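Letter by letter, the chains look like this.
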Amino acid sequence: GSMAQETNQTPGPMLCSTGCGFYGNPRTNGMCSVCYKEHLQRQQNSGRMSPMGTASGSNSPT
Ligand SMILES: [Zn+2]
């Protein structure tokens with residue numbers, strides 16, 4: 001293996017984290033075009049984002 005001009009595969013396969021089978025982007029949230037929209041919609045609806053096991057503000061009046 002003297003020469004170094006043998007390209008077989010490209011590095012950095014930013015494949016969709018959700019597993020849809022399409023290419024994703026690292027500038028985005030690691031999701032493709034479709035999944036990035038659905039995911040952000042669910043995150044925006046929350047408002048109180050805090051990944052620490054528990055979360056404050058979970059009341060639901062009848
Ligand atoms: Zn996707």
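Residues numbered from 1 in each chain as written, not as in the entry; some residues may be left out. Heavy atoms only, no water.

Peer 1: Help me understand the overall build of the protein chain, please; the structure alone is not making it clear to me.
Peer 2: What the protein chain contains, in helices and strands, is one helix and zero strands. Against the compact-globule benchmark of 11 Å for 62 residues, the protein chain has a radius of gyration of 19 Å, which places it well outside the compact range. With respect to the three principal axes, the spread of C-alpha positions in the protein chain is 70 × 25 × 15 Å. Burial status across the protein chain gives 10% buried among its 62 residues. Restricting to contacts in the protein chain with at least 6 residues of sequence separation, those with at least 24 account for 0%. Here the protein chain has roughly 6200 Å² of accessible surface; of this, 50% comes from carbon and sulfur atoms. (Helix = DSSP H or I, 4+ residues; strand = E, 2+ residues; numbered from the N terminus. Rg over C-alpha atoms; globule rule 2.2 N^0.38 Å. Buried < 20%, exposed > 50% of the residue type's maximum accessible area, 1.4 Å probe, protein only. Contact = heavy atoms within 4.5 Å. Areas by Shrake-Rupley, 256 points an atom, 1.4 Å probe, with all protein chains shown as cover.)

Peer 1: Help me understand the coordination of the zinc ion, please; the structure alone is not making it clear to me.
Peer 2: Four donors placed tetrahedrally about a metal ideally form angles of 109.5 degrees, and six donors placed octahedrally ideally form angles of 90 or 180 degrees. Every protein donor of the zinc ion is accounted for by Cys16 (SG), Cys20 (SG), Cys32 (SG) and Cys35 (SG), and the metal-donor separations fall at 2.3 Å. Between the four donor atoms coordinating the zinc ion, the angles at the centre fall across 104 to 119 degrees, so the site counts as tetrahedral. Ordering the donors of the zinc ion by residue number gives the pattern C-x3-C-x11-C-x2-C. Separated by 19 residues along the polypeptide, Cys16 in the segment before α1 (33-46) and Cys35 in helix α1 bring together distant segments of the chain. (Donors = N, O, S within 2.8 Å, 3.2 Å for Na, K, Ca; no water. Tetrahedral: all angles 85-135°; square planar, octahedral: opposite > 155°, others 65-115°.)

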